[PDB]
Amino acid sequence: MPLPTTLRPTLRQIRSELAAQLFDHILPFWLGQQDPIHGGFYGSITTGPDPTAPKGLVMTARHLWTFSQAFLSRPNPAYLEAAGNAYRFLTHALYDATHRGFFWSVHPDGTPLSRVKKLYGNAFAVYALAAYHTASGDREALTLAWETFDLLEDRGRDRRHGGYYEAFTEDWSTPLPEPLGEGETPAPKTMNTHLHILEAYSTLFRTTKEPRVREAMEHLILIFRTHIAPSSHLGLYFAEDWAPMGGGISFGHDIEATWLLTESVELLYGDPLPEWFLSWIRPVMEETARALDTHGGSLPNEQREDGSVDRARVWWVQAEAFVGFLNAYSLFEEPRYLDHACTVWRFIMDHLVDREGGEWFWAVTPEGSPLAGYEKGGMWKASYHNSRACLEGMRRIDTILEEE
């Protein structure tokens, strides 16, 4: 059935706000947060940057990815420059020139701080280095992404039970598990790390079409189909043999996985996607659209193991719910998913945008009041989730308005 024409002016409106947010609000704030003494970007930002804060692998790679994609969407010199800044700091400070891969964190001046090799962070490095290669033509960045991929496969893969160990010691010799709560046996595997390895690989495969990436992608899809997302929620924490550990639901990770999973299975089998994939992913999406309805137009942060819900309205969760709802329309052609996206985007514009202090709040109450005691930028919040949501929104909405 044809698209309800009443959605057309709404989508054109949102498209324009996506572009203003990206280029007039998000990027200008981060452009002003580069370290002119040490390079890279400041490690922690609240009311202003703290240049004594350590700089994370994830955050630095997210800024590299963000400014690569922004230069590709609009070739402003400032973006390539910032990308180059994030790249040099990634490859001269966070890079372990002895044992390869990337350190978890370094000091302001780039001295290694946490030397552990987390696959989560090394994944993001691959993701961001592939983006940088595309945007800058830099051949060494792709070689480094390939070296890191090789480590993820050669040292990271559990070849007995499938999937990847969470983390390794500096020399990549000893797997380290993910620490959970006080007193509980730590988890050797997490959905979170597995999802972002998939995310990196889809993009490394898009950039290179190397069949070894596609094969690792296949492996990852089977892990998600069988162990991580068998039913309608993604399990959080798993033993080595994939037994579930702990519990709980991450609403943002659920919605995020549906479209990241879609990207990978589209890269593997093209459009239209397999019916088994549609049938698999649809109830996860339906669960998310009903949770948005129950919770009044925006997404809670998580369901704890004991059933209580963290009702904080967190920036990335909303952002990912936006891309996820657009993706669900393109998959199942049910315009109500667009209603949801529009609803989520309005929530973001109304409450998560900080027009006073810049960028987006980490989180607000279900009513929209900003939560105190969180940073604006740091180890856990960079420029990726929101910039991506704008770039993904712009490309997807355009396709909708030009075709459907």
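All residue numbers are counted from 1 along the displayed sequence.
- Judged by mean Cα B factor in the deposited record, 366-374 ranks above the other of 59-67 and 366-374.
- On average the C-alpha atoms of 72-80 have higher B-factors than those of the other stretch, with 72-80 and 115-123 being the two compared.
- The entry lists C-alpha B-factors for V323, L152, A86, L180, and the highest of these is at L180.
- Annotation for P186, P300, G296, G163: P186 ranks highest, by Cα B-factor.
- Looking at the C-alpha B-factors along this chain, the one for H38 belongs to the lowest third.
- In the PDB entry, a CA B factor belonging to the highest third of its chain's modelled residues is recorded for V309.
- Residue-level temperature factors show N327 in the middle third of its chain, judged at the C-alpha atom.
- Sorting the modelled residues of the chain by their CA temperature factor places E359 in the lowest third.
- Residue-level temperature factors show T203 in the middle third of its chain, judged at the C-alpha atom.
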